[PDB]
Amino acid sequence: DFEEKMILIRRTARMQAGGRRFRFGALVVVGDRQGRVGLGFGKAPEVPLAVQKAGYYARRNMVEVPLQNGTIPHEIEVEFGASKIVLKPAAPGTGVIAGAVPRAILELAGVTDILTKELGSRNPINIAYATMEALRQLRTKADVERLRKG
Amino acid sequence: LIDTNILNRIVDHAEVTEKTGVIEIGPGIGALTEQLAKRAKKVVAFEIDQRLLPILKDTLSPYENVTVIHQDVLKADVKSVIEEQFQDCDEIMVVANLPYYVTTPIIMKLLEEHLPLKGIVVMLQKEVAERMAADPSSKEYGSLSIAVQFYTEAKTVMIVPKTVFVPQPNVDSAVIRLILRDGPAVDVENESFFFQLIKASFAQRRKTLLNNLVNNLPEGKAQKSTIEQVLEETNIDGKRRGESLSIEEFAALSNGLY
Amino acid sequence: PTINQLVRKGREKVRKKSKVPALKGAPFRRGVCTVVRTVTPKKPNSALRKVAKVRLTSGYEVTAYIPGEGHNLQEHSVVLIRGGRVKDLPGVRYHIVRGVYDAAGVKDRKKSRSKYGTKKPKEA
Amino acid sequence: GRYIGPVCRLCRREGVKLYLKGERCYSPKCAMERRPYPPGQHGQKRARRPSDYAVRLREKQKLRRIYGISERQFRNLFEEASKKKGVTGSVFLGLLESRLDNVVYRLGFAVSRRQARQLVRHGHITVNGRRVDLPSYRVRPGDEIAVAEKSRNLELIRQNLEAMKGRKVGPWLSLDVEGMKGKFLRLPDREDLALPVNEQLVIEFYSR
RNA sequence: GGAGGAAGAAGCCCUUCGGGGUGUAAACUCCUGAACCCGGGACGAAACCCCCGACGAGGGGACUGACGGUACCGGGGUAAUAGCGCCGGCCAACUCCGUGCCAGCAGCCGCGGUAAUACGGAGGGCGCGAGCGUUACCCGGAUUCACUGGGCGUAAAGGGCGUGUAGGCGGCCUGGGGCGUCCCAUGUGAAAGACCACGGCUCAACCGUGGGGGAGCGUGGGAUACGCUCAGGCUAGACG
RNA sequence: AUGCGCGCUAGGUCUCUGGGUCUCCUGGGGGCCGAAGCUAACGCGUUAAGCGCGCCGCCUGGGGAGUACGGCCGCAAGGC
Ligand SMILES: [Zn+2]
């Protein structure tokens, strides 16, 4: 039901008693193109193990995007550490206008029309986290009405 | 490489028994042959790489059923090997996977040589599979249908979506079963003449059959009126396209004015 | 900075500095060689690079790199000089175009003929 | 100067059956029935996972080769479509269809686009009872497209349209086989065509 | 040039020496006719000028084409130019042979000392196409002068401190003025260019007709919430 | 290695110096742990490096270099 693609594979090293030990990190996004998305980061000695662990993690850290006409309800700017993300709604027939990481995250969420921008530090991990945070902080007309009026 | 459960399904649809023998073409790594050895009795492999062969020599070391023959599948006396290796088995099947380009010629050869089999099970390609098993009045009905129903009864048992492959291919796949019949459906006075007539009939889809027969046949122009008269006596319409005709309809014409 | 400070002082604009002073805002220049010789690259690299000391129409003396497999440059050859920096050589900021005035396109090139002169070889 | 040379080579590179040859690509010799792998020495070799840029470029290329226009003309049409009102994808697809060569192909005067271009170029086709010899001509809703009086007796046209008898034309076109003519009713919708193309990929490709 | 056209012609390259790549490309069959040859042949040009008018408004009469025998029409007509860059990552597209930190490549990272998908050649493949690359300059990416939209403990960045001039900013409760501010009407914002619609060159570039939009400024008339000013009161800032 | 002024935002503990109805309550300083919050991190956290407003000073990659020329100051070294 959930389809998977890779954000990035990296190999990190740590010193030992005369030698180097390498561990692989995977950033994985999962989705259904229906308004649900998940992100995970998996660290393991081996690449397949890293991918499995990252997917496993992503399958619980789950977010529902309030899609409407395949676009974001409203614009939002979000800061995570030294990274900044900007998302803006688009009219039907625009397309996903994003970098590798934001495009990958937004496509699986079912978003079809959006204008994005990256500011400050452009480290993939922080950009991905910022994107997820921005997605989590989205509201619709109904939600605002319910909170205000009641 | 394919998912390990699908191959089980193809083997099941081969109705393999502990008594039957199988001829497998192009094992490659050797997924299929493995999942055969188990339920089969004797496996013979025709394969020519010298590159993936060490992998193949290894993968089959467990079993004592499987044997490898380093000979061309097309440059082989199939009768000889079938009689030589299989003196003990009751029935014989053929299950294999073919490497695109040379898929039609192999099947054509195995059928024209009228080997003592029960059936052929091959993955083939979806489009080719559809073309093989078609009713007379289809859109994809053609020469290939005539060629295969002339030797066997053919039907596609299942469909293989293009998604189940790790290297994503450009085209789909199917699984087809071709049970040999105990002799051709219709008698022919000359098998060659039948073959040229079939190929000439479906040369141009859009044009009517009569035009195709008169033009395509090498000496058709020499004897035009003769063709029309023979067609008329058979109660077959010239203005009718060749697509609609069934096997027997063409067979009568093949008899015709030989 | 406060808006009042912006009003009082404003913002300084950055000026781009030309990397090719000799050409004086021209695509190419015409010069005459004076010294034809070879030099050695920096520490990572090790080769012999052909370099010509060219006097241009403008009152500048420069060093230009000679690309290709072989050349035919004397000490009086009229040459055309083009923009382009050679990293490893410390001081050359210019190139020589093949097959223009006195420099000829290097022989028997077959792949990149747009550069290095080389009229198309007619094959029977 | 359009692309002249091998055709079903593209069938292959693109991995999808692009009907660019006529009726040969309906026989068992489409070159996709056989050898359905990318053209070249390295055609059967494990393919590395395609980049996003590669995917977008391939989608864009697929489309362009279906209609057989240049990159320049394609870009101009895209720019024109983007500027107009409505969904960029639908408008863009509409514009490409209105090509006179496209239309005469769709009506069935030719089996291929490559020869539809030839028939339109050589003055065999007329619009509103006036000779037009330009493949790039854009037809508006309500135009009448017919065969020239002089060209009615040619065997090619007769053979082509004879095969068209007893087959439904596209819902946005009308045909009269007897009079050897046709009428442009309206701009085709997104669903009305069936081109194997995801237009969003083309839009994003040109967005960069 | 188009359609048809082999489980696949030779040549060349690769190879595990079994074939597979160029590749329906070709060779061939049928078909349409860029060029070329005959016969016509333009729109742009109706006025000035005369004829009755009145010497007017009306109505008739001819003369005038560089472009040019060009564009374009009507017949007859032969398959009849393809190049350039790139193929290590950015960035689409991989294999042999030659040389061994040499000859070279290089926009950045860097590649070259026996494997080198990075140099040269070949095969093959991508991109564009009568064009394709290189250099020079401008904007962008550069949120890398940050008004929109950056910062100053340790990365560059708080003056060594105080007093204070100009300047900048400023508590709350009623009034008057209407300078800033907002609104309405009107004049201007030429033509061309930009946008939209329609139309004429066989289409498009190109051009024409029409419709708006438009920052800003002048004139006339309205509002007083905020900033400003002029009057009066208060004590929560400050001072005694 | 932290410009000045004002307002708001949990507390606990030690200490210096005032006042009251005196074991506590209420001002003004000097430190230590820490809510929320901020930071790239170390850490800051009613003595903010938080949330804000007002005004001034300064930054635009490293080296060359606080160097060269010019000007002002000083007897000179030298400083801006
Ligand atoms: Zn095809």
# chains A, B, ... in the order shown; residues from 1 in each chain; ligands from 1
>>> residues_near_ligand(ligand="ligand 1", cutoff="12 Å", atoms="only C-alpha atoms (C1' of nucleotides) and all ligand atoms", output="MDAnalysis selection string")
(chainID D and resid 6:37 66 112) or (chainID E and resid 24)
>>> residues_around(residues="residue 138 in chain D", least_positions_apart="4", cutoff="9 Å", atoms="only C-alpha atoms (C1' of nucleotides)", output="PyMOL selection string")
(chain D and resi 95-100) or (chain E and resi 203)
>>> select_by_dssp(residues="range 24-220 of chain B", states="helix (DSSP H, G or I)", output="JSON, numbers by chain")
{"B": [31, 32, 33, 34, 35, 36, 37, 53, 54, 55, 56, 57, 58, 59, 78, 79, 80, 81, 82, 83, 84, 85, 104, 105, 106, 107, 108, 109, 110, 111, 112, 126, 127, 128, 129, 130, 131, 132, 143, 144, 145, 146, 147, 148, 149, 191, 192, 193, 194, 195, 196, 197, 198, 199, 200, 201, 209, 210, 211, 212, 213, 214, 215, 216]}
>>> residues_around(residues="range 178-180 of chain E", least_positions_apart="5", cutoff="10 Å", atoms="only C-alpha atoms (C1' of nucleotides)", output="number ranges by chain")
E: 223-224, 227-229
>>> interface_residues(of="chain E", to="chain C", cutoff="10 Å", atoms="only C-alpha atoms (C1' of nucleotides)", output="list in words")
residues 84, 85, 86, 101, 102, 103, 104, 105, 106, 107, 110, 112, 120, 121, 132, 133, 134, 135, 136, 137, 145, 147, 151 and 168 of chain E
>>> closest_residue(among="F:14, F:22, F:73, F:33", to="residue 45 in chain F", atoms="only C-alpha atoms (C1' of nucleotides)")
F:33
>>> interface_residues(of="chain F", to="chain C", cutoff="10 Å", atoms="only C-alpha atoms (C1' of nucleotides)", output="list in words")
residues 54, 55, 56, 58 and 60 of chain F
>>> write_last_selection(atoms="N, CA, C and O atoms (P, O5', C5', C4', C3', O3' and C1' of nucleotides)", output="PDB file, in the first residue's frame")
ATOM      1  P     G F  54      11.030  50.361  16.082  1.00  0.00           P
ATOM      2  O5'   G F  54      11.788  51.542  16.880  1.00  0.00           O
ATOM      3  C5'   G F  54      11.055  52.738  17.245  1.00  0.00           C
ATOM      4  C4'   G F  54      11.919  53.632  18.100  1.00  0.00           C
ATOM      5  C3'   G F  54      13.358  53.851  17.621  1.00  0.00           C
ATOM      6  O3'   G F  54      13.436  54.827  16.591  1.00  0.00           O
ATOM      7  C1'   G F  54      13.356  53.375  19.939  1.00  0.00           C
ATOM      8  P     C F  55      14.437  54.603  15.362  1.00  0.00           P
ATOM      9  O5'   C F  55      15.837  55.092  15.946  1.00  0.00           O
ATOM     10  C5'   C F  55      16.007  56.452  16.383  1.00  0.00           C
ATOM     11  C4'   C F  55      17.302  56.620  17.135  1.00  0.00           C
ATOM     12  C3'   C F  55      18.555  56.077  16.469  1.00  0.00           C
ATOM     13  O3'   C F  55      19.070  56.914  15.439  1.00  0.00           O
ATOM     14  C1'   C F  55      18.540  55.422  18.733  1.00  0.00           C
ATOM     15  P     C F  56      19.978  56.281  14.275  1.00  0.00           P
ATOM     16  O5'   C F  56      21.390  56.079  14.981  1.00  0.00           O
ATOM     17  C5'   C F  56      22.131  57.211  15.471  1.00  0.00           C
ATOM     18  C4'   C F  56      23.306  56.764  16.305  1.00  0.00           C
ATOM     19  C3'   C F  56      24.356  55.924  15.599  1.00  0.00           C
ATOM     20  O3'   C F  56      25.239  56.678  14.780  1.00  0.00           O
ATOM     21  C1'   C F  56      23.901  54.984  17.714  1.00  0.00           C
ATOM     22  P     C F  58      30.565  53.205  11.975  1.00  0.00           P
ATOM     23  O5'   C F  58      30.840  51.634  11.970  1.00  0.00           O
ATOM     24  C5'   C F  58      32.069  51.103  12.498  1.00  0.00           C
ATOM     25  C4'   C F  58      31.981  49.606  12.670  1.00  0.00           C
ATOM     26  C3'   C F  58      31.800  48.786  11.403  1.00  0.00           C
ATOM     27  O3'   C F  58      33.027  48.559  10.710  1.00  0.00           O
ATOM     28  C1'   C F  58      30.327  47.992  13.079  1.00  0.00           C
ATOM     29  P     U F  60      33.844  44.125   5.500  1.00  0.00           P
ATOM     30  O5'   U F  60      34.108  42.766   4.710  1.00  0.00           O
ATOM     31  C5'   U F  60      33.586  41.501   5.163  1.00  0.00           C
ATOM     32  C4'   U F  60      32.755  40.836   4.086  1.00  0.00           C
ATOM     33  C3'   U F  60      32.843  41.432   2.681  1.00  0.00           C
ATOM     34  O3'   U F  60      32.946  40.523   1.574  1.00  0.00           O
ATOM     35  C1'   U F  60      30.595  41.461   3.414  1.00  0.00           C
TER      36        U F  60
END
>>> interface_residues(of="chain A", to="chain D", cutoff="12 Å", atoms="only C-alpha atoms", output="PyMOL selection string")
chain A and resi 5-6+90-101+103-104+107+112-115
>>> write_last_selection(atoms="N, CA and C atoms", output="PDB file, in the first residue's frame")
ATOM      1  N   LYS A   5      10.843   5.498  -1.612  1.00  0.00           N
ATOM      2  CA  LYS A   5      12.004   6.000  -2.329  1.00  0.00           C
ATOM      3  C   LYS A   5      13.000   6.593  -1.334  1.00  0.00           C
ATOM      4  N   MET A   6      14.256   6.711  -1.780  1.00  0.00           N
ATOM      5  CA  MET A   6      15.375   7.072  -0.924  1.00  0.00           C
ATOM      6  C   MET A   6      15.673   8.561  -1.067  1.00  0.00           C
ATOM      7  N   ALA A  90      -0.528  26.560  -5.230  1.00  0.00           N
ATOM      8  CA  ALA A  90      -0.520  26.809  -6.661  1.00  0.00           C
ATOM      9  C   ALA A  90      -1.883  26.462  -7.253  1.00  0.00           C
ATOM     10  N   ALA A  91      -2.243  27.156  -8.340  1.00  0.00           N
ATOM     11  CA  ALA A  91      -3.430  26.847  -9.122  1.00  0.00           C
ATOM     12  C   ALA A  91      -3.262  25.481  -9.786  1.00  0.00           C
ATOM     13  N   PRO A  92      -4.365  24.744 -10.080  1.00  0.00           N
ATOM     14  CA  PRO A  92      -4.277  23.471 -10.798  1.00  0.00           C
ATOM     15  C   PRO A  92      -3.510  23.603 -12.110  1.00  0.00           C
ATOM     16  N   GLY A  93      -2.636  22.621 -12.368  1.00  0.00           N
ATOM     17  CA  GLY A  93      -1.833  22.556 -13.579  1.00  0.00           C
ATOM     18  C   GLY A  93      -0.533  23.352 -13.480  1.00  0.00           C
ATOM     19  N   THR A  94       0.081  23.348 -12.287  1.00  0.00           N
ATOM     20  CA  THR A  94       1.339  24.047 -12.055  1.00  0.00           C
ATOM     21  C   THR A  94       2.502  23.061 -11.953  1.00  0.00           C
ATOM     22  N   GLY A  95       2.353  22.042 -11.097  1.00  0.00           N
ATOM     23  CA  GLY A  95       3.396  21.051 -10.890  1.00  0.00           C
ATOM     24  C   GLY A  95       4.199  21.322  -9.621  1.00  0.00           C
ATOM     25  N   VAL A  96       4.909  20.288  -9.159  1.00  0.00           N
ATOM     26  CA  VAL A  96       5.752  20.382  -7.979  1.00  0.00           C
ATOM     27  C   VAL A  96       7.019  21.145  -8.359  1.00  0.00           C
ATOM     28  N   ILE A  97       7.183  22.331  -7.766  1.00  0.00           N
ATOM     29  CA  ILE A  97       8.365  23.149  -7.989  1.00  0.00           C
ATOM     30  C   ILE A  97       9.213  23.115  -6.719  1.00  0.00           C
ATOM     31  N   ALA A  98      10.183  22.192  -6.689  1.00  0.00           N
ATOM     32  CA  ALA A  98      10.965  21.949  -5.487  1.00  0.00           C
ATOM     33  C   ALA A  98      12.316  21.329  -5.830  1.00  0.00           C
ATOM     34  N   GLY A  99      13.226  21.340  -4.846  1.00  0.00           N
ATOM     35  CA  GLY A  99      14.467  20.583  -4.909  1.00  0.00           C
ATOM     36  C   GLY A  99      14.208  19.085  -4.756  1.00  0.00           C
ATOM     37  N   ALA A 100      15.291  18.298  -4.747  1.00  0.00           N
ATOM     38  CA  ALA A 100      15.213  16.845  -4.691  1.00  0.00           C
ATOM     39  C   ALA A 100      14.440  16.391  -3.452  1.00  0.00           C
ATOM     40  N   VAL A 101      14.883  16.861  -2.278  1.00  0.00           N
ATOM     41  CA  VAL A 101      14.323  16.474  -0.991  1.00  0.00           C
ATOM     42  C   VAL A 101      12.867  16.939  -0.878  1.00  0.00           C
ATOM     43  N   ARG A 103      10.695  17.866  -3.212  1.00  0.00           N
ATOM     44  CA  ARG A 103       9.895  17.223  -4.247  1.00  0.00           C
ATOM     45  C   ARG A 103       9.569  15.788  -3.836  1.00  0.00           C
ATOM     46  N   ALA A 104      10.588  15.065  -3.352  1.00  0.00           N
ATOM     47  CA  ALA A 104      10.432  13.680  -2.936  1.00  0.00           C
ATOM     48  C   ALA A 104       9.411  13.570  -1.805  1.00  0.00           C
ATOM     49  N   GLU A 107       5.670  14.758  -3.226  1.00  0.00           N
ATOM     50  CA  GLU A 107       5.047  13.903  -4.228  1.00  0.00           C
ATOM     51  C   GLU A 107       4.318  12.735  -3.563  1.00  0.00           C
ATOM     52  N   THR A 112       0.385  18.049  -5.718  1.00  0.00           N
ATOM     53  CA  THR A 112       0.594  18.107  -7.157  1.00  0.00           C
ATOM     54  C   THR A 112       1.021  19.505  -7.607  1.00  0.00           C
ATOM     55  N   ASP A 113       0.610  20.542  -6.861  1.00  0.00           N
ATOM     56  CA  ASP A 113       0.848  21.925  -7.247  1.00  0.00           C
ATOM     57  C   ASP A 113       1.270  22.735  -6.023  1.00  0.00           C
ATOM     58  N   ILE A 114       2.544  23.154  -6.013  1.00  0.00           N
ATOM     59  CA  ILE A 114       3.141  23.896  -4.910  1.00  0.00           C
ATOM     60  C   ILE A 114       4.382  24.633  -5.413  1.00  0.00           C
ATOM     61  N   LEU A 115       4.667  25.786  -4.796  1.00  0.00           N
ATOM     62  CA  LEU A 115       5.908  26.516  -5.010  1.00  0.00           C
ATOM     63  C   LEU A 115       6.694  26.525  -3.703  1.00  0.00           C
TER      64      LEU A 115
END
>>> atom_distance(atom1="CA of residue 25 in chain B", atom2="CA of residue 142 in chain B")
26.5 Å
>>> residues_around(residues="residue 256 in chain B", least_positions_apart="3", cutoff="9 Å", atoms="only C-alpha atoms (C1' of nucleotides)", output="PyMOL selection string")
chain B and resi 227+230-231+234+251-253
>>> select_by_dssp(residues="range 56-178 of chain D", states="strand (DSSP E)", output="PDB file with N, CA, C and O atoms, in the first residue's frame")
ATOM      1  N   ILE D 125      -3.813  18.635 -49.723  1.00  0.00           N
ATOM      2  CA  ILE D 125      -4.847  18.926 -48.740  1.00  0.00           C
ATOM      3  C   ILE D 125      -5.270  20.387 -48.877  1.00  0.00           C
ATOM      4  O   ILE D 125      -4.450  21.250 -49.186  1.00  0.00           O
ATOM      5  N   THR D 126      -6.565  20.638 -48.648  1.00  0.00           N
ATOM      6  CA  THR D 126      -7.154  21.966 -48.716  1.00  0.00           C
ATOM      7  C   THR D 126      -7.937  22.246 -47.436  1.00  0.00           C
ATOM      8  O   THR D 126      -8.477  21.327 -46.822  1.00  0.00           O
ATOM      9  N   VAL D 127      -8.000  23.530 -47.065  1.00  0.00           N
ATOM     10  CA  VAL D 127      -8.756  23.991 -45.911  1.00  0.00           C
ATOM     11  C   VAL D 127      -9.741  25.054 -46.384  1.00  0.00           C
ATOM     12  O   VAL D 127      -9.336  26.028 -47.015  1.00  0.00           O
ATOM     13  N   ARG D 130      -9.531  25.975 -49.935  1.00  0.00           N
ATOM     14  CA  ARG D 130      -8.363  26.740 -50.349  1.00  0.00           C
ATOM     15  C   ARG D 130      -7.108  25.956 -49.981  1.00  0.00           C
ATOM     16  O   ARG D 130      -7.023  25.401 -48.889  1.00  0.00           O
ATOM     17  N   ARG D 131      -6.143  25.924 -50.909  1.00  0.00           N
ATOM     18  CA  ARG D 131      -4.945  25.113 -50.761  1.00  0.00           C
ATOM     19  C   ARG D 131      -4.038  25.707 -49.684  1.00  0.00           C
ATOM     20  O   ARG D 131      -3.757  26.905 -49.683  1.00  0.00           O
ATOM     21  N   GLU D 144     -13.072  23.305 -42.138  1.00  0.00           N
ATOM     22  CA  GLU D 144     -13.328  22.178 -43.017  1.00  0.00           C
ATOM     23  C   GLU D 144     -12.038  21.822 -43.750  1.00  0.00           C
ATOM     24  O   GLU D 144     -11.437  22.676 -44.401  1.00  0.00           O
ATOM     25  N   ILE D 145     -11.635  20.551 -43.632  1.00  0.00           N
ATOM     26  CA  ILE D 145     -10.404  20.059 -44.232  1.00  0.00           C
ATOM     27  C   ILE D 145     -10.758  18.939 -45.208  1.00  0.00           C
ATOM     28  O   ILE D 145     -11.378  17.952 -44.822  1.00  0.00           O
ATOM     29  N   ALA D 146     -10.342  19.103 -46.469  1.00  0.00           N
ATOM     30  CA  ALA D 146     -10.661  18.144 -47.515  1.00  0.00           C
ATOM     31  C   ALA D 146      -9.428  17.847 -48.367  1.00  0.00           C
ATOM     32  O   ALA D 146      -8.364  18.433 -48.173  1.00  0.00           O
ATOM     33  N   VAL D 147      -9.593  16.911 -49.307  1.00  0.00           N
ATOM     34  CA  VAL D 147      -8.571  16.593 -50.289  1.00  0.00           C
ATOM     35  C   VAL D 147      -8.827  17.456 -51.523  1.00  0.00           C
ATOM     36  O   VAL D 147      -9.980  17.672 -51.898  1.00  0.00           O
ATOM     37  N   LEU D 173     -13.716  15.139 -33.818  1.00  0.00           N
ATOM     38  CA  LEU D 173     -13.585  15.290 -35.260  1.00  0.00           C
ATOM     39  C   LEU D 173     -14.797  14.660 -35.942  1.00  0.00           C
ATOM     40  O   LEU D 173     -15.383  13.714 -35.419  1.00  0.00           O
ATOM     41  N   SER D 174     -15.162  15.203 -37.108  1.00  0.00           N
ATOM     42  CA  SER D 174     -16.189  14.605 -37.944  1.00  0.00           C
ATOM     43  C   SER D 174     -15.595  14.292 -39.314  1.00  0.00           C
ATOM     44  O   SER D 174     -14.777  15.057 -39.817  1.00  0.00           O
ATOM     45  N   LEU D 175     -16.024  13.168 -39.901  1.00  0.00           N
ATOM     46  CA  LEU D 175     -15.521  12.736 -41.194  1.00  0.00           C
ATOM     47  C   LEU D 175     -16.681  12.355 -42.109  1.00  0.00           C
ATOM     48  O   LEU D 175     -17.681  11.794 -41.664  1.00  0.00           O
ATOM     49  N   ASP D 176     -16.511  12.680 -43.396  1.00  0.00           N
ATOM     50  CA  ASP D 176     -17.335  12.175 -44.479  1.00  0.00           C
ATOM     51  C   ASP D 176     -16.398  11.527 -45.493  1.00  0.00           C
ATOM     52  O   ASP D 176     -15.691  12.223 -46.218  1.00  0.00           O
TER      53      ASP D 176
END
>>> atom_distance(atom1="CA of residue 2 in chain D", atom2="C1' of residue 11 in chain E")
29.0 Å
>>> interface_residues(of="chain E", to="chain A", cutoff="12 Å", atoms="only C-alpha atoms (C1' of nucleotides)", output="ChimeraX atom specification")
/E:142-144,149-150
>>> write_last_selection(atoms="N, CA and C atoms (P, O5', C5', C4', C3', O3' and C1' of nucleotides)", output="PDB file, in the first residue's frame")
ATOM      1  P     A E 142      20.421  30.702  -4.176  1.00  0.00           P
ATOM      2  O5'   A E 142      21.159  32.114  -4.230  1.00  0.00           O
ATOM      3  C5'   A E 142      21.955  32.563  -3.114  1.00  0.00           C
ATOM      4  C4'   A E 142      22.192  34.059  -3.174  1.00  0.00           C
ATOM      5  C3'   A E 142      21.372  34.853  -4.192  1.00  0.00           C
ATOM      6  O3'   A E 142      21.050  36.122  -3.636  1.00  0.00           O
ATOM      7  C1'   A E 142      23.670  35.160  -4.623  1.00  0.00           C
ATOM      8  P     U E 143      19.525  36.571  -3.462  1.00  0.00           P
ATOM      9  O5'   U E 143      19.397  36.821  -1.894  1.00  0.00           O
ATOM     10  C5'   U E 143      20.507  37.329  -1.129  1.00  0.00           C
ATOM     11  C4'   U E 143      20.488  36.761   0.272  1.00  0.00           C
ATOM     12  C3'   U E 143      20.768  35.266   0.395  1.00  0.00           C
ATOM     13  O3'   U E 143      21.564  35.013   1.547  1.00  0.00           O
ATOM     14  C1'   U E 143      18.650  35.760   1.331  1.00  0.00           C
ATOM     15  P     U E 144      22.994  34.311   1.399  1.00  0.00           P
ATOM     16  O5'   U E 144      23.889  35.447   0.730  1.00  0.00           O
ATOM     17  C5'   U E 144      24.050  36.743   1.347  1.00  0.00           C
ATOM     18  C4'   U E 144      25.035  37.586   0.566  1.00  0.00           C
ATOM     19  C3'   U E 144      24.552  38.114  -0.783  1.00  0.00           C
ATOM     20  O3'   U E 144      25.095  39.412  -0.997  1.00  0.00           O
ATOM     21  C1'   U E 144      26.487  36.803  -1.104  1.00  0.00           C
ATOM     22  P     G E 149      10.076  38.912   3.891  1.00  0.00           P
ATOM     23  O5'   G E 149      11.419  39.337   4.681  1.00  0.00           O
ATOM     24  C5'   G E 149      12.293  38.309   5.216  1.00  0.00           C
ATOM     25  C4'   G E 149      13.737  38.682   4.969  1.00  0.00           C
ATOM     26  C3'   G E 149      14.105  40.173   5.061  1.00  0.00           C
ATOM     27  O3'   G E 149      15.427  40.328   5.564  1.00  0.00           O
ATOM     28  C1'   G E 149      14.621  39.373   2.915  1.00  0.00           C
ATOM     29  P     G E 150      15.696  40.534   7.134  1.00  0.00           P
ATOM     30  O5'   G E 150      17.086  39.755   7.395  1.00  0.00           O
ATOM     31  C5'   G E 150      17.289  38.460   6.774  1.00  0.00           C
ATOM     32  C4'   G E 150      18.706  37.984   6.991  1.00  0.00           C
ATOM     33  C3'   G E 150      19.259  38.061   8.418  1.00  0.00           C
ATOM     34  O3'   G E 150      18.812  37.005   9.258  1.00  0.00           O
ATOM     35  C1'   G E 150      20.876  38.864   6.893  1.00  0.00           C
TER      36        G E 150
END
>>> atom_distance(atom1="CA of residue 56 in chain A", atom2="CA of residue 1 in chain A")
14.3 Å
>>> interface_residues(of="chain D", to="chain E", cutoff="7 Å", atoms="only C-alpha atoms (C1' of nucleotides)", output="list in words")
residues 6, 40, 41, 54, 115, 131, 132, 133, 134, 136 and 137 of chain D
>>> interface_residues(of="chain B", to="chain E", cutoff="10 Å", atoms="only C-alpha atoms (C1' of nucleotides)", output="MDAnalysis selection string")
chainID B and resid 47:52 70:72 75 101:105 204
